[PDB]
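*Asks:* Have a look at the structure that comes next, please.
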Amino acid sequence: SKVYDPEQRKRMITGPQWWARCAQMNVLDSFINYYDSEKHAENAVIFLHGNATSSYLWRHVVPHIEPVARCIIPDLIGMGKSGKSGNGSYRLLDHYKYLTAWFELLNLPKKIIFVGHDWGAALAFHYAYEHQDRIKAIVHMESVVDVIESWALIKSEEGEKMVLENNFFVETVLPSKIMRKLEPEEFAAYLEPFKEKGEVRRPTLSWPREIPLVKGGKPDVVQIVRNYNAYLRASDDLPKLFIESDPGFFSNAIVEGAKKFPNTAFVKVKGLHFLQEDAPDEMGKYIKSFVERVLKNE
């Protein structure tokens, strides 16, 4: 049985409160909603959420890192309070198109630090592969580290029903993979972008449909993941931090995959999948110390 954190309401940040702290920037034919801590712009730490969530996910993690580096946190296209995709497509490369265009408008330093979760990690990994000179360090967790060989309906018409009609990922999966019980306002912040039925929920269906299954998975995504996996396995000069979820959720293949990447520090924190909601401060402190060590080592 899940229970509320009894100290959490006193520091709760509602959706409206978070969105009031964000800015909007035009990007290609749309716009991106994002948080930007602004100060210490000699460095940039870019935090990337994955399916079902938004920049809101990182709200209690980022304050720990802000004093060491500029922190930038987008809502991915079609998610959070960001604009929608010009053609209504939300595959990995659609997200990447808008993300990379946004990066060009941010006045980033030559080398950037990424923090990725879920498909947010895949975006960071793909960016790294295609910009090998622009990466200072990478932190990842519950991430798309490799293709899946070992261990249908979502891709079927029922999947459209499950998600567009029944909101499966936001209303069934999300709360099931948080160990605590979310405050009502906190869940409401995740529901808001996807409160209405139909096409507005597309990104939450398109993400799982990108799954890099060798047998049956989108061939272009399988190749993207193979490519960045090989690069990451050879990236001895690239410092990495892997945050392992305890107990996690079916997370063993993530951990063994993560261990194939050289120059990785390993830490562990409480959680299932959305560990930011169960151990944000522990995560923030680990990330802070890692970043500090990376910058001193330079």
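Labeling convention for the structure tokens: chains A, B, ... as they appear, residues from 1 per chain, ligands from 1 in order of appearance.
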Which residues of stretch 77-191 of chain A sit at most 8 Å from stretch 197-219 of chain A, using only C-alpha atoms? Give each one's shortest atom pair and distance in Å (one decimal place), in chain and ascending residue order, as JSON lines.

*Replies:*
{"residue": "A:78", "atom": "CA", "partner": "A:203", "partner_atom": "CA", "distance": 6.5}
{"residue": "A:79", "atom": "CA", "partner": "A:203", "partner_atom": "CA", "distance": 7.2}
{"residue": "A:90", "atom": "CA", "partner": "A:203", "partner_atom": "CA", "distance": 5.5}
{"residue": "A:91", "atom": "CA", "partner": "A:206", "partner_atom": "CA", "distance": 6.0}
{"residue": "A:92", "atom": "CA", "partner": "A:210", "partner_atom": "CA", "distance": 7.0}
{"residue": "A:119", "atom": "CA", "partner": "A:207", "partner_atom": "CA", "distance": 7.6}
{"residue": "A:146", "atom": "CA", "partner": "A:212", "partner_atom": "CA", "distance": 7.7}
{"residue": "A:147", "atom": "CA", "partner": "A:212", "partner_atom": "CA", "distance": 5.0}
{"residue": "A:148", "atom": "CA", "partner": "A:213", "partner_atom": "CA", "distance": 4.7}
{"residue": "A:149", "atom": "CA", "partner": "A:214", "partner_atom": "CA", "distance": 5.5}
{"residue": "A:154", "atom": "CA", "partner": "A:209", "partner_atom": "CA", "distance": 7.0}
{"residue": "A:155", "atom": "CA", "partner": "A:209", "partner_atom": "CA", "distance": 6.1}
{"residue": "A:159", "atom": "CA", "partner": "A:205", "partner_atom": "CA", "distance": 7.3}
{"residue": "A:160", "atom": "CA", "partner": "A:205", "partner_atom": "CA", "distance": 7.1}
{"residue": "A:163", "atom": "CA", "partner": "A:205", "partner_atom": "CA", "distance": 6.1}
{"residue": "A:164", "atom": "CA", "partner": "A:198", "partner_atom": "CA", "distance": 4.5}
{"residue": "A:165", "atom": "CA", "partner": "A:197", "partner_atom": "CA", "distance": 5.6}
{"residue": "A:166", "atom": "CA", "partner": "A:197", "partner_atom": "CA", "distance": 7.8}
{"residue": "A:167", "atom": "CA", "partner": "A:201", "partner_atom": "CA", "distance": 7.3}
{"residue": "A:169", "atom": "CA", "partner": "A:204", "partner_atom": "CA", "distance": 6.6}
{"residue": "A:170", "atom": "CA", "partner": "A:204", "partner_atom": "CA", "distance": 8.0}

*Asks:* Write out, as a Markdown table, each residue of stretch 49-117 of chain A that has an atom at most 8 Å from stretch 260-283 of chain A, together with the closest pair of atoms and their distance in Å to one decimal, counting only C-alpha atoms, rows going by chain and rising number.

*Replies:*
| residue | atom | partner | partner_atom | distance |
| --- | --- | --- | --- | --- |
| A:57 | CA | A:276 | CA | 6.5 |
| A:58 | CA | A:276 | CA | 6.7 |
| A:60 | CA | A:280 | CA | 5.7 |
| A:61 | CA | A:280 | CA | 5.0 |
| A:64 | CA | A:281 | CA | 7.4 |

*Asks:* Would you mind exporting C-alpha atoms of the selected residues as an mmCIF file, in the first residue's frame?

*Replies:*
data_model
loop_
_atom_site.group_PDB
_atom_site.id
_atom_site.type_symbol
_atom_site.label_atom_id
_atom_site.label_comp_id
_atom_site.auth_asym_id
_atom_site.auth_seq_id
_atom_site.Cartn_x
_atom_site.Cartn_y
_atom_site.Cartn_z
ATOM 1 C CA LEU A 57 9.732 15.796 -13.232
ATOM 2 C CA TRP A 58 13.025 17.491 -12.361
ATOM 3 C CA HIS A 60 13.116 18.974 -6.815
ATOM 4 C CA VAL A 61 16.355 17.697 -8.343
ATOM 5 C CA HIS A 64 20.839 21.065 -5.916
#

*Asks:* Identify which of the residues A:137, A:35, A:40, A:52 lies closest to residue A:174, counting only C-alpha atoms when measuring atom-to-atom distances.

*Replies:*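 For residue A:174, the nearest of the given residues is A:52.
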
*Asks:* If you measure from atom CA of residue A:191 to atom CA of residue A:75, what distance in Å do you get, rounded to one decimal?

*Replies:* 14.0 Å

*Asks:* I need the residues in stretch 81-215 of chain A that are helix (DSSP H, G or I) according to DSSP; give them as a PyMOL selection string.

*Replies:* chain A and resi 92-103+119-130+157-165+168-176+184-194+199-209

*Asks:* Run DSSP on the backbone of this structure and report the residues of stretch 58-287 of chain A it assigns to strand (DSSP E), as a VMD selection string.

*Replies:* chain A and resid 70 to 74 112 to 118 135 to 143 240 to 247 264 to 271

*Asks:* Quick one: of A:256, A:42, A:171, A:36, who's nearest to residue A:109, counting only C-alpha atoms?

*Replies:*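 The shortest atom-to-atom distance to residue A:109 comes from A:42.
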
*Asks:* Between atom CA of residue A:55 and atom CA of residue A:74, what is the distance in Å, rounded to a tenth?

*Replies:*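 Taking atom CA of residue A:55 and atom CA of residue A:74, their separation equals 5.6 Å.
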
*Asks:* For residue A:259, find every residue with an atom within 12 Å (counting only C-alpha atoms), except residues of its own chain fewer than 5 positions away, and show them as a list in words.

*Replies:*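 Listing them by chain and then by number gives residues 140, 145, 146, 229, 232, 233, 240, 241, 242, 243, 244, 252, 253, 254, 264, 265, 266 and 267 of chain A.
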
*Asks:* Please save N, CA, C and O atoms of the selected residues as a PDB file, in the first residue's frame.

*Replies:*
ATOM      1  N   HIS A 140      22.780   9.342 -16.606  1.00  0.00           N
ATOM      2  CA  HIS A 140      21.578   8.628 -17.065  1.00  0.00           C
ATOM      3  C   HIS A 140      20.984   7.670 -16.026  1.00  0.00           C
ATOM      4  O   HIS A 140      21.654   7.247 -15.084  1.00  0.00           O
ATOM      5  N   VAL A 145      19.521   2.218 -23.046  1.00  0.00           N
ATOM      6  CA  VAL A 145      20.980   2.104 -23.197  1.00  0.00           C
ATOM      7  C   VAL A 145      21.370   1.280 -24.422  1.00  0.00           C
ATOM      8  O   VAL A 145      22.419   1.512 -25.004  1.00  0.00           O
ATOM      9  N   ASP A 146      20.530   0.328 -24.822  1.00  0.00           N
ATOM     10  CA  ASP A 146      20.882  -0.568 -25.933  1.00  0.00           C
ATOM     11  C   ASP A 146      19.626  -1.126 -26.594  1.00  0.00           C
ATOM     12  O   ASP A 146      18.508  -0.903 -26.120  1.00  0.00           O
ATOM     13  N   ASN A 229      25.161   3.218 -28.912  1.00  0.00           N
ATOM     14  CA  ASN A 229      25.655   2.228 -27.954  1.00  0.00           C
ATOM     15  C   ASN A 229      27.133   1.900 -28.207  1.00  0.00           C
ATOM     16  O   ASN A 229      27.947   1.964 -27.290  1.00  0.00           O
ATOM     17  N   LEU A 232      29.184   4.914 -27.182  1.00  0.00           N
ATOM     18  CA  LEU A 232      29.272   5.031 -25.714  1.00  0.00           C
ATOM     19  C   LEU A 232      30.207   3.978 -25.090  1.00  0.00           C
ATOM     20  O   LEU A 232      30.958   4.277 -24.168  1.00  0.00           O
ATOM     21  N   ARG A 233      30.191   2.763 -25.629  1.00  0.00           N
ATOM     22  CA  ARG A 233      31.091   1.708 -25.156  1.00  0.00           C
ATOM     23  C   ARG A 233      32.572   2.003 -25.397  1.00  0.00           C
ATOM     24  O   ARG A 233      33.439   1.372 -24.790  1.00  0.00           O
ATOM     25  N   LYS A 240      30.804   9.588 -16.983  1.00  0.00           N
ATOM     26  CA  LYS A 240      29.409   9.221 -16.886  1.00  0.00           C
ATOM     27  C   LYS A 240      29.047   8.894 -15.453  1.00  0.00           C
ATOM     28  O   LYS A 240      29.902   8.475 -14.659  1.00  0.00           O
ATOM     29  N   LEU A 241      27.782   9.134 -15.128  1.00  0.00           N
ATOM     30  CA  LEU A 241      27.190   8.732 -13.857  1.00  0.00           C
ATOM     31  C   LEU A 241      25.923   7.962 -14.186  1.00  0.00           C
ATOM     32  O   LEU A 241      25.052   8.471 -14.914  1.00  0.00           O
ATOM     33  N   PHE A 242      25.819   6.737 -13.669  1.00  0.00           N
ATOM     34  CA  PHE A 242      24.610   5.952 -13.819  1.00  0.00           C
ATOM     35  C   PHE A 242      23.932   5.839 -12.467  1.00  0.00           C
ATOM     36  O   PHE A 242      24.532   5.326 -11.506  1.00  0.00           O
ATOM     37  N   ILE A 243      22.701   6.353 -12.399  1.00  0.00           N
ATOM     38  CA  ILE A 243      21.881   6.313 -11.198  1.00  0.00           C
ATOM     39  C   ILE A 243      20.938   5.112 -11.300  1.00  0.00           C
ATOM     40  O   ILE A 243      20.002   5.098 -12.103  1.00  0.00           O
ATOM     41  N   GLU A 244      21.222   4.091 -10.499  1.00  0.00           N
ATOM     42  CA  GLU A 244      20.439   2.854 -10.491  1.00  0.00           C
ATOM     43  C   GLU A 244      19.244   2.987  -9.549  1.00  0.00           C
ATOM     44  O   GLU A 244      19.352   3.553  -8.461  1.00  0.00           O
ATOM     45  N   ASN A 252      17.087  -4.842 -14.852  1.00  0.00           N
ATOM     46  CA  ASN A 252      18.379  -5.530 -14.883  1.00  0.00           C
ATOM     47  C   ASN A 252      19.144  -5.325 -16.184  1.00  0.00           C
ATOM     48  O   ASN A 252      20.372  -5.212 -16.164  1.00  0.00           O
ATOM     49  N   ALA A 253      18.423  -5.285 -17.307  1.00  0.00           N
ATOM     50  CA  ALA A 253      19.056  -5.128 -18.617  1.00  0.00           C
ATOM     51  C   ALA A 253      19.602  -3.721 -18.778  1.00  0.00           C
ATOM     52  O   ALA A 253      20.571  -3.508 -19.507  1.00  0.00           O
ATOM     53  N   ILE A 254      18.977  -2.760 -18.103  1.00  0.00           N
ATOM     54  CA  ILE A 254      19.480  -1.391 -18.100  1.00  0.00           C
ATOM     55  C   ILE A 254      20.840  -1.410 -17.390  1.00  0.00           C
ATOM     56  O   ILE A 254      21.825  -0.922 -17.928  1.00  0.00           O
ATOM     57  N   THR A 264      32.340   5.222 -15.998  1.00  0.00           N
ATOM     58  CA  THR A 264      31.057   5.389 -15.334  1.00  0.00           C
ATOM     59  C   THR A 264      31.202   5.206 -13.831  1.00  0.00           C
ATOM     60  O   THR A 264      31.714   4.175 -13.363  1.00  0.00           O
ATOM     61  N   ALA A 265      30.750   6.217 -13.097  1.00  0.00           N
ATOM     62  CA  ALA A 265      30.504   6.106 -11.671  1.00  0.00           C
ATOM     63  C   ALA A 265      29.101   5.543 -11.464  1.00  0.00           C
ATOM     64  O   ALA A 265      28.152   5.924 -12.169  1.00  0.00           O
ATOM     65  N   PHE A 266      28.967   4.648 -10.487  1.00  0.00           N
ATOM     66  CA  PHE A 266      27.693   4.016 -10.192  1.00  0.00           C
ATOM     67  C   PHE A 266      27.181   4.474  -8.825  1.00  0.00           C
ATOM     68  O   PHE A 266      27.930   4.503  -7.841  1.00  0.00           O
ATOM     69  N   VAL A 267      25.921   4.900  -8.787  1.00  0.00           N
ATOM     70  CA  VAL A 267      25.220   5.157  -7.528  1.00  0.00           C
ATOM     71  C   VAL A 267      23.833   4.544  -7.607  1.00  0.00           C
ATOM     72  O   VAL A 267      23.389   4.096  -8.680  1.00  0.00           O
TER      73      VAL A 267
END

*Asks:* So, with only C-alpha atoms as the atoms that count, which of A:246, A:133, A:104, A:183 lies closest to residue A:10?

*Replies:*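 For residue A:10, the nearest of the candidates is A:183.
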